[PDB]
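Engineer:
2 protein chains.
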Amino acid sequence: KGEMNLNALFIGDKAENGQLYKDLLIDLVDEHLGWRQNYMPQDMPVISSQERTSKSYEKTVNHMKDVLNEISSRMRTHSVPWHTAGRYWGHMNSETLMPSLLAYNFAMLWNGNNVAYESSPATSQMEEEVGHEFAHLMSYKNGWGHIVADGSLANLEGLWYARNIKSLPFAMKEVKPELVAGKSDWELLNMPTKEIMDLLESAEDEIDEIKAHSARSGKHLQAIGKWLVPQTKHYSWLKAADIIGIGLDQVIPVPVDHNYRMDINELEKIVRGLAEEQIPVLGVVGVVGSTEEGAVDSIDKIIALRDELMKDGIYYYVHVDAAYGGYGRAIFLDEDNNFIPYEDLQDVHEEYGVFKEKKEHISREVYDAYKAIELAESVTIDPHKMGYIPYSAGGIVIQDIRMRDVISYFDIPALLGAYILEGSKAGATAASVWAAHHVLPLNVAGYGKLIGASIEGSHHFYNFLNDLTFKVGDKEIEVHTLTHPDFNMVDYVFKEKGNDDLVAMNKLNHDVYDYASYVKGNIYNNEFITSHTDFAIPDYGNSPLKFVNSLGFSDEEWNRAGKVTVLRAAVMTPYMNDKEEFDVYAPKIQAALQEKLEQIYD
Amino acid sequence: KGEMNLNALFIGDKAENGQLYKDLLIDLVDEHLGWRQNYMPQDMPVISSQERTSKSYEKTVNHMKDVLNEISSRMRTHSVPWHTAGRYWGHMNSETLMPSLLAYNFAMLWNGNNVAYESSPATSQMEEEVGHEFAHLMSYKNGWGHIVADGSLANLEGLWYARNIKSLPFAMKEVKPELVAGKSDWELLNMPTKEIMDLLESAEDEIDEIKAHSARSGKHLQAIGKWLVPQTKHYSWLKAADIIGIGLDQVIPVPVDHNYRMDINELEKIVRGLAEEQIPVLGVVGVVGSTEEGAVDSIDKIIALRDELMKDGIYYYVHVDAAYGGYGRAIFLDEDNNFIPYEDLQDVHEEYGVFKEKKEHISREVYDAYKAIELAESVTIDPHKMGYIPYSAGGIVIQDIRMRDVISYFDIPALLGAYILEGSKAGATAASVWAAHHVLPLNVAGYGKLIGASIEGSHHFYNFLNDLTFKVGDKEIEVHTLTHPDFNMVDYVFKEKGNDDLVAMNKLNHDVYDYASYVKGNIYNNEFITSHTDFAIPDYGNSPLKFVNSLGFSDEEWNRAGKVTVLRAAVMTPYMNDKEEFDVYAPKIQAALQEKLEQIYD
Ligand SMILES: Cc1ncc(COP(=O)(O)O)c(CNN[C@@](C)(Cc2ccc(O)c(O)c2)C(=O)O)c1O
Ligand SMILES: Cc1ncc(COP(=O)(O)O)c(CNN[C@@](C)(Cc2ccc(O)c(O)c2)C(=O)O)c1O
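Here you go:
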């Protein structure tokens with residue numbers, strides 16, 4: 008429809024569109040109450056007119072008012088103001104899409120459970136569409152998807168899929184050896200996922216028994232392999248191994264590079280060596296959007312490697328943790344859902360308003376990674392992150408809908433609970449995601465413009481911080497950024513011009529956070545709020561060494577400190593894409609930081 | 008505060024309190040927008056006055072209106088009208104508490120994540136209170152609890168707790184044998200949960216290593232035991248075994264009686280025999296509130312047995328699945344949180360308005376079961392069920408807060433995600449439960465009156481159906497109820513006076529449902545809606561035999577049909593507690609059923 012103002016799809020940092028929200032909220036509530044009054048309209052109201060004027064009613068209503076007044080006080084005292092544009096530079100949390108908030112409230116009035124079509128048939132159809140929409144976002148042909156409570160529970164379901172998938176070859180031999188005839192025990196534990204599926208889908212009257220001898224029985228859980236994850240992974244993955252059964256001991260950290268993306272060379276070493284040891288890879292986890300750095304792993308090279316190892320009879324499952332950057336793929340899809348060629352990206356992004364300045368914003372290495380998500384088997388995608396959908400809304404997407412039969416217990429499912437890890441779920445959550453996917457198409461005409469604004473605002477902050485020098489009473493403090501953002505997270509540190517004590521930078525940056533957080537002061541009066549993370553050698557290795565040395569520290573001071581405290585800003589605000597609007601909040605950030613540093617040292 | 012009208016704590020079956028809802032909704036939204044405008048009030052609105060009058064804005068707003076209009080159409084076409092009182096007699100779904108709906112919407116405007124205190128400190132304190140409130144509901148002293156996305160995910164976390172708990176004895180010997188010195192391998196796999204906890208809490212500088220050798224490593228998952236569940240259990244438990252690692256093969260169905268409650272004698276047989284086989288019980292699952300019958304298992308006798316077997320060195324973990332009836336315990340607690348003596352129940356329930364007619368409504372056998380929930384280790388409680396809190400809100404409660412350290416990864429937790437199975441969670445979900453727990457105390461002064469009304473309305477329907485005879489063209493059809501409700505679910509069947517074909521009753525009852533559902537007709541025009549369930553011998557055994565024979569069928573016709581189709585009504589409406597209000601909807605149900613049966617046969 009030509010052009011779409013994102014400035015109307017949010018309530019606003021200063022409640023600029025608060026009447027629009029309130030008016031559409033009331034219009035929707037009024038439509039639900041009309042539905043209610045006109046279901047069995049011959050029935051007269053059970054709550055009488057005199058009951059609603061009684062003292063019993065007034066005392067109950069006044070008590071509700073007192074409880075809601077206490078919720079209001081606590082929420083307006085101890086809550087964080089990330090709705091503001093150029094003052095919040097911290098965690099992956101900004102404003103949520105008004106269409107989604109309006110739709111959750113509307114559907115919550117029906118209280119539908121999506122575990123069963125019978126409970127809410129309309130919210131259930133919406134969830135199936137949302138999964139078919141998640142598949143077409145990931146270019147998965149004949150794929151599927153479902154909303155998960157959170158992204159940690161979706162990462163778990165991924166391991167559930169793979170755990171049960173690698174267990175199927177061995178089980179097939181134990182129930183219908185005919186399917187896996189002439190196959191070495193090790194050729195079974197290195198069978199491609201497509202073949203395992205094609206075989207199972209062939210044995211119609213045997214799928215149940217093959218699955219009864221699968222990992223669902225509890226056997227072969229240590230034999231299916233070792234889960235390979237980036238070392239800078241999320242604890243959801245550690246927890247996933249513990250719960251699924253493989254155990255934390257069958258998790259191997261794959262080292263990351265100085266851009267904090269998995270070292271594909273090192274992955275090759277780990278995989279090839281474990282295969283010489285005849286131990287399989289249950290699977291490798293690729294991360295698009297790192298928890299602390301916004302780093303996009305080279306899914307392109309992870310999948311390229313898989314192909315090269317298949318010639319040597321080694322296959323691994325690939326699950327993409329795109330909890331953060333999954334919605335980010337929309338910046339690469341046209342209105343016909345085709346991946347835009349890179350040579351045309353900058354031109355298409357000017358035609359659609361994704362980016363306001365015609366320059367490179369996305370590296371071909373991140374483009375190539377986002378593209379190869381279609382060759383992976385499963386993806387964790389979190390609407391409650393860069394989908395700007397309200398919590399709790401996570402998501403999983405599978406490359407082949409048939410895969411759901413490896414998790415299946417017993427067309428739109430009539431019992432989604434028999435195709436998912438969780439049980440009872442809100443259909444309001446589905447209406448929230450469907451509304452957002454329908455106001456904002458999962459392409460360059462909708463979510464692309466929103467993610468583009470997040471990225472362009474991250475780049476303006478990056479360029480602002482890379483020239484920031486202060487002056488705190490004969491103490492010049494310079495700001496230094498960690499790496500060029502692969503998405504929209506800009507990490508940064510503060511340093512005294514001539515302090516070669518990393519423990520002193522790690523204390524400067526800890527003190528900047530302390531002031532830029534609830535730790536010190538009232539959060540309703542903080543002029544700049546940011547996030548903090550420690551990069552410790554136990555988990556990050558010497559991946560930050562290049563950075564620490566660039567700032568003038570030694571490899572011994574690094575091993576002495578044991579870590580670097582980095583400040584993190586996931587720029588999810590969609591208001592700082594315009595350099596002009598950023599240049600208003602620029603002096604407001606510098607002035608705030610000066611005072612903050614001036615309180616730290618005096 | 009004397010007396011509390013529940014008729015003001017709901018929007019209404021005919022939107023009687025829709026202005027109150029809308030007015031408190033707008034008052035709350037207005038309080039949030041004021042908070043937003045007055046955080047950094049020196050900042051001028053980024054969305055300009057002219058932007059909000061532009062055609063770009065109007066076209067975007069009109070598209071949002073069109074999407075929300077499509078959600079409205081689909082939701083008002085294919086949704087179920089359970090808000091009505093005496094016309095919906097089906098699944099555990101009625102109206103949700105207005106205080107909770109108002110509070111979710113208010114807190115959703117802050118979009119707080121409860122996985123971390125830093126994200127929303129106010130919603131996080133509310134969740135800790137809600138868990139301390141769940142513990143005092145279950146009389147757990149020094150206990151704790153947390154909100155789970157759903158009850159299936161809470162049942163999983165229970166198995167996570169027990170799986171890791173039984174694994175601790177063996178692991179203790181492998182890291183600090185000193186703690187479990189002089190203990191047989193089998194005395195370790197039959198150690199009481201308190202001792203395992205007291206031992207682990209003693210080895211301060213070793214807990215991490217003991218846990219690293221626990222089931223979290225992936226070892227000893229088949230050695231920890233067999234999970235014992237009622238045969239009429241929920242598939243969440245089957246799924247839980249598959250995911251946790253023990254596997255579906257280590258799940259033993261314990262047979263139920265003709266009241267569809269676990270046969271404690273049969274449990275004794277299974278437990279004692281498996282102990283002679285030297286195979287441990289990972290744990291036994293007790294169910295308060297059955298999925299299809301509303302049956303309360305004798306936790307009293309399950310725990311009594313545990314004590315008796317401990318003399319023979321056999322201990323089992325007990326997890327209570329009170330997803331449905333957990334909130335039901337409030338009907339037994341005084342304003343000082345003491346369990347009311349049974350001899351006084353009827354008198355206290357008249358003093359508090361829990362029951363309007365002074366008669367027995369709760370059997371001493373259900374009282375005794377609800378009381379012994381305090382001796383169990385963990386309980387699944389679903390606010391999104393009989394807590395009348397909106398979906399998705401489930402819950403877990405642990406008898407000892409220290410138990411969280413067996414699941415712990417790394427005062428109010430500063431990272432609840434390291435004490436729970438899930439990750440990112442809505443703080444709005446917490447504000448919804450906290451609001452309900454604060455308007456309705458978890459005792460006889462709040463939730464007791466609501467659950468009492470649900471139960472008294474279930475009893476009036478039970479007594480109505482037990483004398484219901486029709487007349488469909490020389491075909492007299494009589495209604496027969498399954499069992500006396502243990503909570504608020506009344507199961508029932510329809511039968512032709514002289515049809516001894518159970519397959520014909522199972523078709524009569526299937527046809528009654530077909531008409532009383534979305535299967536046949538428009539659901540906005542259904543005058544009576546009910547639920548259906550098949551009781552098959554594979555899962556229910558000969559537990560329905562007494563019932564089928566009472567209706568005049570033979571033990572051969574039972575084995576021929578293989579099942580009985582039962583109609584189910586979980587009376588969660590709080591409006592039918594008054595016989596006078598029920599007697600209005602009584603003729604409206606009989607008239608509807610007559611027509612329904614008259615369509616089936618002609
Ligand atoms: C890269 C990555 N993958 C998966 C997940 C798990 O997702 P989910 O939270 O839905 O279960 C994550 C985790 N992301 N969540 C955060 C960023 C949440 C958070 C927000 C604000 C805070 O103040 C804190 O402390 C946490 C997390 O780190 O857990 C992920 O990053
Ligand atoms: C006794 C019992 N225990 C645990 C659970 C799992 O709880 P959760 O749903 O929160 O994950 C259940 C399941 N209860 N859910 C229902 C009753 C849901 C449902 C409502 C309406 C419908 O039309 C259908 O089909 C299902 C279920 O049976 O799954 C439980 O009963």
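These protein sequence lines map, in sequence, to chains A and B. Reading the first sequence from the start, the letters are residues 8 to 417, 427 to 618 in UniProt numbering. Reading the second sequence from the start, the letters are residues 8 to 417, 427 to 618 in UniProt numbering. C-beta: ideal position from N, C-alpha, C; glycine also.
#1: Going by DSSP, what residues sit across from A/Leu340 in a beta bridge?
#2: Check the DSSP bridge columns for A/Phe563 and list the partner residues they point to.
#3: Give me the chain A residues within the contact set of B/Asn593, using Cβ-Cβ distance strictly less than 7 angstroms, ordered along the chain.
#4: I need the boundaries of the alpha helix (DSSP H) containing A/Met204, first residue and last residue.
#5: For B/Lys392 versus B/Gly333, is the C-beta spacing smaller than 9 angstroms?
#6: Just mark A/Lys365 as buried or exposed, buried being the case when its beta carbon has 16 or more other beta carbons within 10 Å.
#7: Please confirm if A/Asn45 has its CB atom under 9 angstroms from at least one CB of chain B.
#8: List the residues of chain A that B/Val74 touches, going by C-beta distances under 7 angstroms, in chain order.
#9: Pull up the DSSP beta-bridge partners for B/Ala585, would you.
#10: Output needed for B/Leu108: all residues of its chain with C-beta closer than 8 angstroms, excluding positions within five of it in sequence on either side, in chain order.
#11: Here's a check: name, in chain order, each residue in its chain whose Cβ is nearer than 8 angstroms to the Cβ of A/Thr546, leaving out the five neighbours to either side.
#12: With distances taken from CA atoms, which of A/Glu597, A/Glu273, A/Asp256 and A/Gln257 is nearest A/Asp264?
#13: Under 9 angstroms, Cβ to Cβ, is there at least one residue of chain A near B/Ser533?
#14: Compare the Cα-Cα distances from B/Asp307 to each of B/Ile347, B/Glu315, B/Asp375 and B/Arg313 and report the closest residue.
#15: List the residues of chain A whose Cβ lies closer than 8 angstroms to the Cβ of B/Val68, in chain order.
#16: In whole angstroms, give me the CA-to-CA distance for B/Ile338 and B/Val587.
#17: Nearest-angstrom Cα distance between residue 422 of chain A and A/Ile286?
#18: Is the CB-CB distance between A/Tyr540 and A/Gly93 below 9 angstroms?
#19: Does any C-beta atom of chain B lie closer than 9 angstroms to the C-beta of A/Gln353?
#20: When you compare each of A/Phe113, A/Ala383, A/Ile414 and A/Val182 to B/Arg81 by their alpha carbons, which one comes out closest?
#21: Going along chain B in order, which residues have a C-beta closer than 7 angstroms to the C-beta of A/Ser224?
#22: Checking 9 angstroms against the spacing of the C-beta atoms, do A/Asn149 and A/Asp427 come in under that value?
#23: Run through DSSP, which three-state label would B/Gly280 get?
#24: Skipping 5 residues on each side, what residues in its chain have a beta carbon closer than 8 angstroms to that of A/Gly473?
#25: Please state if the CB of B/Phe141 and the CB of B/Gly152 are separated by a distance shorter than 9 angstroms.
#26: Would you check if the distance between the CB atom of A/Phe486 and the CB atom of A/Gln606 is smaller than 9 angstroms?
#27: Of the choices B/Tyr478, B/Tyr435 and B/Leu312, whose alpha-carbon is the least far from that of B/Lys595?
#28: Could you spell out where the alpha helix (DSSP H) holding B/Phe551 opens and where it closes?
#29: Provide the residue span of the beta strand (DSSP E) that contains residue 420 of chain B, from first to last.
#30: Within 9 angstroms of any Cβ in chain B, is that where the Cβ of A/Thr239 sits?
#31: Residues in the same chain with beta-carbon distance under 7 angstroms from A/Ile251, minus the five sequence neighbours each way, listed in chain order, please.
#32: Which partner residues does A/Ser385 have in the DSSP bridge list?
#33: What residues of chain A sit near B/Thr298, judged by a beta carbon separation below 9 angstroms?
#34: Identify the contact partners of B/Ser470 in chain A, using a Cβ-Cβ distance below 8 angstroms as the criterion.
#35: Under a three-way DSSP split, which group does B/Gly290 fall into?
#36: Assuming B/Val295 and B/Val303 are in contact, meaning their beta carbons sit under 8 angstroms apart, how far apart are those beta carbons, in whole angstroms?
Structural biologist: Answer, in terms of the structure:
#1: A/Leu340 is bridged to A/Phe346.
#2: Residue pairing by DSSP leaves A/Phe563 without any beta bridge partner.
#3: Result: empty, since nearest Cβ-Cβ is about 11 angstroms, beyond 7 angstroms.
#4: A/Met204: member of the alpha helix (DSSP H) spanning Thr200 to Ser209, first to last residue.
#5: Cβ atoms of B/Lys392 and B/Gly333: closer than 9 angstroms.
#6: The residue in question, A/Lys365, is exposed, as its Cβ has fewer than 16 Cβ neighbours within 10 Å.
#7: Cβ-Cβ to chain B under 9 angstroms: yes for A/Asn45.
#8: Under a criterion of Cβ atoms nearer than 7 angstroms, the residues of chain A adjacent to B/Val74 are, in order, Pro106, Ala451, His454 and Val455.
#9: B/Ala585 is bridged by DSSP to B/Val506.
#10: Result list for B/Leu108: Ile18, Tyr28, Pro397 and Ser448, in chain order.
#11: These residues qualify, in order along the chain: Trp96, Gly97, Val528, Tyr529, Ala532, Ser533, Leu583, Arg584 and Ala585.
#12: Closest option to A/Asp264, Cα to Cα, is A/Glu273.
#13: Taking Cβ atoms only, chain A reaches closer than 9 angstroms to B/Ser533, which makes this a yes.
#14: Per the Cα distances, B/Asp375.
#15: Listed by position along chain A, the residues whose Cβ is nearer than 8 angstroms to that of B/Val68 are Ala15 and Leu27.
#16: Whole-angstrom Cα-Cα distance: 16 angstroms.
#17: In the structure shown, chain A runs from 417 directly to 427, leaving residue 422 of chain A without coordinates.
#18: Judged by beta-carbon spacing, A/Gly93 lies beyond the 9 angstroms limit of A/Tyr540, meaning their Cβ atoms are not closer than that value.
#19: Put simply, the CB of A/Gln353 is far from chain B, with every gap to its CB atoms at 9 angstroms or more.
#20: Closest by alpha carbon: A/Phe113.
#21: Chain B residues near A/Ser224: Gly254, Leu255 and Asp256.
#22: The answer is no: Cβ separation not under 9 angstroms.
#23: The answer is helix: DSSP assigns B/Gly280 an H, G or I state.
#24: For A/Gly473, the CB contacts under 8 angstroms within the same chain, skipping 5 residues up- and downstream, are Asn504, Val587, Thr589, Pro590, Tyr591, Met592, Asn593 and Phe598 in chain order.
#25: A contact, by the Cβ cut-off of 9 angstroms.
#26: In contact: A/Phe486 and A/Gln606 (Cβ atoms closer than 9 angstroms).
#27: The residue among B/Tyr478, B/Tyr435 and B/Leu312 with its C-alpha nearest the C-alpha of B/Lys595 is B/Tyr478.
#28: No alpha helix (DSSP H) holds B/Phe551; the beta strand (DSSP E) holding it covers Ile545 to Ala552.
#29: No atoms are given for residue 420 of chain B, which sits in the stretch of chain B between 417 and 427 that the model skips.
#30: Not an interface residue.
#31: Annotation for A/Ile251: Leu163, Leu166, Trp167 and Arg170 place their beta carbon closer than 7 angstroms to its own, counting only its chain and skipping 5 residues before and after.
#32: In DSSP, A/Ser385 forms a bridge with A/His326 and A/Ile405.
#33: At a C-beta separation below 9 angstroms, B/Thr298 has no neighbours in chain A, since its nearest C-beta there lies roughly 11 angstroms away.
#34: Chain A residues near B/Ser470: none, gap ~15 angstroms exceeds 8 angstroms.
#35: In the structure shown, B/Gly290 sits in a strand (DSSP, three-state: E or B).
#36: Contact flag correct, Cβ pair sits at about 5 angstroms.
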